[PDB]
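A.B. asks: Quick one, fold the following:
(2 chains)
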Protein chains: 2
Amino acid sequence: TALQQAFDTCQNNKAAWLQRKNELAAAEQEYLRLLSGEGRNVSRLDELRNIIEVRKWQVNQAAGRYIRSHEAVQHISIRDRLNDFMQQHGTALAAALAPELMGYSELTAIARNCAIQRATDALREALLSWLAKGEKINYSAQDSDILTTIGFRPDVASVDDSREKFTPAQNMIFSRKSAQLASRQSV
Amino acid sequence: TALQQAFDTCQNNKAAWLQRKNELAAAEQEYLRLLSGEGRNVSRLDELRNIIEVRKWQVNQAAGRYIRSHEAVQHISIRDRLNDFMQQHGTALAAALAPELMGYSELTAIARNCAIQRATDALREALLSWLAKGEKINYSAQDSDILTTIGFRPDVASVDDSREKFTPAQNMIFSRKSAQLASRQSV
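C.D. replies: Residues are numbered from 1 along each chain as shown, chains lettered A, B, ... in the order given. The coordinates are given below.
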C-alpha cells in the first residue's frame, strides 16, 4: 500500500513547493516596492536581498524534493503494474522467451546476465514496433486516478526552477543561513 | 516461411559440418596409420600434415557458420514469438507502462531515449523477479517442435572447436589452399 504514502508525500511536497514559491514572490514584490521608495533603507535593502536569495534556494530545494517524490511514485506505479501484468502473463511471456532464458536458474551469473540482456533488447525492438504502429493508450485502470492527479510529467515551473545546482559547500552555507533566518523570524 | 528457411539452412550447415569432421577424422586416422609405418614417405607426411591443417580450418569455418545460423534462427523465432505474444497482450502491457510512454512520437529524441531506457530497466526487474520465482519455462506451443530440433544451445563440439580465431591473412591463405586441394582432389 506504499503507493498511497508516495502519493500523499508527493502532494505535500507540491504544496510546500507552492508555498515557497508564493512566499518568495511576495518577498520580491515587497523588495521592489521598498527599493522604489525614496527611503534608502540600506540595511533593509540588503537584508531583503539575503531573504530573496535564501527563499529562492528554499524554492529550489522544494522543487527538487517534489521532482524526486514524483519520480518515486511513478517508479512504484510502474513496478507494481508490471508486477500484476507479469503475474498474469508470465508463462506466455517466458514461452515467448523460451529459446533465450530456458534453464535460467541452471546457469552462472554472467551467462544469466547475457541471457536476460538478449531477452530485454528483444523486448526493446518488440515494444518499438508496437508503439511504431501508432496507437494511443491511457493509464492503468486500477491506479488511473493517482497517476492522473500527479500528471504524466511534473510542472514546468518545478523543472526550470530546479535547473540550477549548488555545490555541497553552498548547500551547507545556505542551510545555515536558512536556519538562522528561521530562528530570527520565529522570535 | 522464413522460419522454415532458417531451420533447413541450419540443418544443411549442421550436415556440412558433420561431413567436415568426418573427413578430418579420417584424415588424421590415415595420417597416423602412415606415421606408424616404417616407410619414409616424407613428402606424403608433409602433404598429409597440410591436409590435416586445412581440414581443421574447414571444420572451424563450418562450425562457425552453423553457430551463426543457429543464432539467426533463434533470433527470428524470438522475434516472431514476442511479436505474437505482446501483440496479444499489449493493451495491458502499455497500460502498466503508461506513465512514461505518453506522447512518445511527439517527444524529442532524448526524451524518447530516456523513456525507452526506463521501460527497459522496468522490464529488466520484472523478468528477473519472475525468473527468481523459479518456475520452469517451456517452449511456445506453435513452434515447440522446431525449437526442440535446433535446441537451446548448439553442440559442445561447435563451441570448443571454434574457440581459436584466424587472422584474415591466414583466412585467405587457407581458403586458397582449400580451393587448390579441392581442385586437385576432383581430378
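A.B. asks: need the contact list for the residue of chain A found nearest chain B.
C.D. replies: Using C-beta to the nearest C-beta, the closest approach of chain A to chain B is made by residue A:81 at 3.6 Å. In this view, the C-beta of every residue, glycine as well, is placed from N, C-alpha and C. Residues near residue A:81 by C-beta atoms under 8 Å, 6 or more residues apart in numbering or on different chains: A:140, A:142, A:143, B:95, B:96, B:97.
A.B. asks: Redo these as CSV? Include neighbour count and secondary structure.
C.D. replies: As requested, the contacts of residue A:81 are arranged in CSV below (neighbours: other C-beta atoms under 10 Å in any protein chain shown; DSSP: H, G, I helix; E, B strand; the rest coil):
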residue, neighbour count, secondary structure
A:140, 22, coil
A:142, 14, coil
A:143, 20, coil
B:95, 18, helix
B:96, 26, helix
B:97, 24, coil
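A.B. asks: Which parts of chain A are helices?
C.D. replies: Assigned by DSSP state H, the helices in chain A fall at A:2-36, A:42-96, A:98-101, A:109-132, A:144-150, A:156-160, A:168-186.
A.B. asks: Of those, give the one that comes closest to residue B:102.
C.D. replies: When those are compared by C-beta to C-beta, helix A:144-150 sits nearest residue B:102, at 10.0 Å.
A.B. asks: Just the buried residues of the closest one, please?
C.D. replies: For helix A:144-150, a neighbour-count test (16 or more other C-beta atoms under 10 Å in any protein chain shown) marks A:146, A:147, A:150 as buried.
A.B. asks: Same question for stretch A:152-160.
C.D. replies: Within stretch A:152-160, the residues scored as buried using 16+ other C-beta under 10 Å are A:153, A:154, A:155, A:158.
A.B. asks: Mind exporting the C-alpha coordinates of it to PDB?
C.D. replies: Taking Å, rounded to 0.1, in the frame of the first residue of the first chain, the C-alpha atoms of stretch A:152-160 are listed here in PDB:
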ATOM      1  CA  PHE A 152       2.300  12.500 -16.800                       C
ATOM      2  CA  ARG A 153       5.100  15.000 -16.200                       C
ATOM      3  CA  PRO A 154       5.800  17.500 -13.400                       C
ATOM      4  CA  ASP A 155       5.200  21.200 -13.800                       C
ATOM      5  CA  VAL A 156       7.500  23.300 -16.000                       C
ATOM      6  CA  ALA A 157       8.000  25.600 -13.000                       C
ATOM      7  CA  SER A 158       9.300  22.600 -11.000                       C
ATOM      8  CA  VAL A 159      11.900  21.800 -13.700                       C
ATOM      9  CA  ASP A 160      13.100  25.300 -14.700                       C
END
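A.B. asks: Pick the one among the contacts of residue A:81 closest to residue A:26.
C.D. replies: Of all these, residue A:26 sits closest to residue A:143, with 36.7 Å by C-beta to C-beta.
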